[PDB]
Amino acid sequence: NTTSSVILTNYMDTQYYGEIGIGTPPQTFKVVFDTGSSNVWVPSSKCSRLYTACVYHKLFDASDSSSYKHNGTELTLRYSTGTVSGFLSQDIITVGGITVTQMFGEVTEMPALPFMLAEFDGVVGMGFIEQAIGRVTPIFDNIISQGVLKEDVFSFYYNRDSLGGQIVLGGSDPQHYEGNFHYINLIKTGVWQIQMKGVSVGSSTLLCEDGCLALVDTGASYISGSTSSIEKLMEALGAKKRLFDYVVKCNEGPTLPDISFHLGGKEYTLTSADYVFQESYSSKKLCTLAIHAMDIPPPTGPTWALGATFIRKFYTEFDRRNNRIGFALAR
Amino acid sequence: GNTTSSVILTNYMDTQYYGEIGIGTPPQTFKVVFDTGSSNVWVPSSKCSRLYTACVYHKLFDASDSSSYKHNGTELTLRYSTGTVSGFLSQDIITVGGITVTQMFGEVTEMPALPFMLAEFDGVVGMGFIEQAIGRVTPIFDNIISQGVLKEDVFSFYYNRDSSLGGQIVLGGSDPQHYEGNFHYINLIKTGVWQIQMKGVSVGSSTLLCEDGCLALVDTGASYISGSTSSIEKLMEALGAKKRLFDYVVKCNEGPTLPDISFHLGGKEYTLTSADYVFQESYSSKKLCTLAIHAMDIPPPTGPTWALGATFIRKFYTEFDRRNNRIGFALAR
Ligand SMILES: CCCCNC(=O)[C@H](C)C[C@H](O)[C@@H](N)C[C@H](CNC(=O)c1ccccc1OCCCOC)C(C)C
Ligand SMILES: CCCCNC(=O)[C@H](C)C[C@H](O)[C@@H](N)C[C@H](CNC(=O)c1ccccc1OCCCOC)C(C)C
């Protein structure tokens, strides 16, 4: 019976990473926990000094984990934000309390933009075996294997910028949501994607009636749409593009409509407050939105994806055993 | 025997963790610190001259309202690492969460404003052993233990990342809703004090410091992790932080990059990443955020020691096991 709770760090509301320890003795890295992919990886005490990205991070030393059993496979993880390439090996990862012996990637090649913007070191994928590049069996399907935690559900709390945020493997941590869940169902097992039958703005449904797809990605900073969805949405908030990104001007952020994401029956609404990055109400300044365009490519893509922005407002729970997702007001 | 009481605590800015005791019949309630570095109990006294303006700003024990107060009057002076208080003895019934003890305590009559003008708590409930209690005033935990009440002769401290309950002490056990993983116990070097042998602090990668060994008192009534000036400043050299008089300070936009500090308590490696020890009020180029580790030299009564205060208890649930004279740490949640 377990609830293993991993406490997270909220770095500027653009990224929340918590920590695993790998090896015996454990070597701890800060990692993001990603429901949009399935492979666990950390940098290697091997990663080329010329990837400022290796240099900078923390690096796994395969020769200090007594328990380490190498394997070899050149792994190539193409992520929607950049592609890392390393080689596969085995050790003991400690998650919270739990201890799983898990094959992971040792990243060797690591392309600086963006993993040097990564304030973290690696990713644990809470995704599916079906997404796992090279059928390496993911940590949750594997922790599940040993049968220790008490429900195979795991949930995410992301806090506003303090606690920071937590993952609870085994159930929900009830102090951080209010009311009871209402679940939405996976379209097909293999992805934590669900169906939005619309995105409204204030009142009027603007797009995505005759619904479009929703990836629920905990390893994502924002709400994302296709360039042109996001276009029409910005176009309606009044928000305008500055150079990179869209802004609105701070004193007017109170004015903006709500977006409402109609997920299966219910409506998950977000106010200006939840999506405008409000460093003041100054009349004299521009304030960024936390909704962003990002083209996800088509295995998985092209899809809208609900990352941190959504999850700060709604506690999410990933009900692995019923292949569905729950949401409740987070607090 | 069998009982567990739990005291609840209020967390003021991860710096002050105070709970509340009731002394007297009727009870005068006082906000106090449950301190494992000292072993006397004291509260400000009605007789404190209000020229000490800490006594103007605190709540005082007016002993002519307790029907139970038993005079005793021996003066004692309490010399803490941060400042000294002086006063005399008294006896009355203190309540420490449900449990009731008659207890000899100090009525403090001279309370120097620095640093107690700065303290949200009114007094101290020393949780140490009798070998460090000034004047042998048999410590509150030995009194509850002679009462035959508790399920186990242990107390546990849970200090919470501030922001709903601030923390919780359990008397007689350990609450497994605030720890995960298994306990890890480190034995005491001597009986008399909650101090354990520690070998090597690691900044980032290599055992930078306390290589061969040094002591670590695990003091719940202290906000920071302390180390000897002669040793912290080298740790501080490495982290590259600045001295600003009483604390250390780093340019705020560095914080979230500063290398993990690791502690080697008795056979495992307890580790703080840079959230754990950095008071991130900003991510600016300007603004200096404060590191929550700073130097301070505990005097050689209790050796010169590293003191592991609320920055470590905040991550590892601590069970002070008096019964086997050892301290166990586990993960907090
Ligand atoms: C198996 C190959 C992946 C297939 N699936 C995908 O690519 C999904 C569309 C999305 C994918 O999971 C995506 N979440 C990956 C993320 C993206 N991370 C970054 O690119 C990243 C780098 C620097 C700074 C921030 C970044 O995002 C962190 C967001 C997490 O904080 C909540 C991983 C690497 C932590
Ligand atoms: C029995 C006499 C032995 C004295 N020995 C010692 O001085 C010990 C080594 C340290 C001692 O435990 C020390 N921690 C005492 C504490 C320290 N507190 C303060 O100095 C202090 C003053 C103002 C504001 C806060 C302070 O710290 C409280 C921190 C507790 O919150 C976790 C007392 C005065 C409440």
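Chains A and B, in that order, give the protein sequences.
So for the first sequence, our numbering puts the first residue at 30; every next one is plus one.
So for the second sequence, our numbering puts the first residue at -7; every next one is plus one.
From the three backbone atoms N, C-alpha and C, an ideal C-beta is built for every residue, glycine too.
A direct Cα-to-Cα measurement between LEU157 of chain B and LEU1 of chain B gives close to 7 Å. Of all residues in the region 262 to 285 of chain B, only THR263, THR265, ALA267 and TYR275 come within less than 8 Å of chain A when Cβ atoms are compared, listed by chain position. In the DSSP assignment, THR28 of chain B falls outside any beta strand (DSSP E), carrying neither H nor E. Runs of the alpha helix (DSSP H) lying entirely within the region 269 to 316 of chain A, each at least 4 residues long, are 301 to 304 in chain order. When the Cα atoms are used, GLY295 of chain B and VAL182 of chain A turn out to be separated by approximately 50 Å. Between the alpha carbons of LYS295 of chain A and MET190 of chain B lies a distance of about 55 Å. A straight-line Cα-Cα distance of about 6 Å links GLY254 of chain A and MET323 of chain A. Put simply, of A:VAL124, A:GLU207, A:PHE89 and A:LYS98 the residue whose alpha carbon is nearest the alpha carbon of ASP150 of chain A is A:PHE89.
Neighbourhood of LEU323 of chain B in chain A, by CB distance below 8 Å: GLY125 and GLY126, in chain order. Within the region 14 to 31 of chain B, contact with chain A at the beta-carbon level (separation under 7 Å) is assigned to no residue.
One finds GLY126 in chain A with Cβ atoms closer than 7 Å to the Cβ of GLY173 of chain B, taken in chain order. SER67 of chain A is a Cβ neighbour of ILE158 of chain A, given a cutoff of 8 Å.
A check of alpha carbon separations from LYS51 of chain B across B:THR21, B:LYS143, B:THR66 and B:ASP27 identifies B:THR21 as the nearest.
The beta carbons of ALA302 of chain B and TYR72 of chain B sit about 16 Å from each other, so the pair does not count as a contact at 8 Å. Around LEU106 of chain B, the same chain offers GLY75 as residues with beta carbons nearer than 8 Å, after the five sequence neighbours per side are excluded.
Exclusion of the five residues before and after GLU180 of chain A leaves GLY199, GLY200 and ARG350 as the residues of its chain whose Cβ lies within less than 8 Å of its Cβ. Residue environment for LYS342 of chain A: buried (at least 16 other C-beta atoms within 10 angstroms of its C-beta).
Ranked by Cα distance from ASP42 of chain A, the first of A:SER229, A:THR64 and A:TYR251 is A:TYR251. What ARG153 of chain B touches in chain A, judged by beta-carbon distance under 7 Å, is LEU192, going in chain order. Just so you know, the alpha carbons of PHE80 of chain B and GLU225 of chain B end up roughly 39 Å apart. Chain order gives the chain B residues near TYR40 of chain A as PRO248, where near means a beta carbon separation below 8 Å. Closer than 7 Å to some heavy atom of ligand 2: that describes the Cβ of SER31 of chain B. For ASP211 of chain B, the nearest beta carbon of chain A is not closer than 8 Å to its own beta carbon. At a cut-off of 8 Å between beta-carbon atoms, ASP252 of chain B makes contact with chain A. Listed as beta-bridge partners of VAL210 of chain B by DSSP are B:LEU300.
Membership of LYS98 of chain A in the beta strand (DSSP E) is indicated by the continuous run 98 to 108. Short of 7 Å from the beta carbon of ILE305 of chain B, and not among the five residues preceding or following it, lie these beta carbons of its own chain, in chain order: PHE149, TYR151 and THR212.
The DSSP assignment places complete alpha helix (DSSP H) segments of no fewer than 4 residues inside the region 160 to 237 of chain B at 221 to 231, in order along the chain. Contact between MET103 of chain B and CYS40 of chain B holds: their C-beta atoms lie close to 6 Å from each other, under 8 Å. Note that the C-beta distance between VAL71 of chain A and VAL136 of chain A is below 8 Å. The three-state secondary structure of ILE158 of chain A, taken from DSSP, is helix. Cβ contact annotation for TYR212 of chain A (same chain, cutoff 6 Å, sequence separation greater than five): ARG353 and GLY355, in chain order. At a Cβ-Cβ threshold of 8 Å, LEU235 of chain A and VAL276 of chain A do not count as neighbours.
Collapsing the DSSP output to three states places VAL71 of chain A in a strand. As DSSP reads the structure, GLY158 of chain B sits in no beta bridge.
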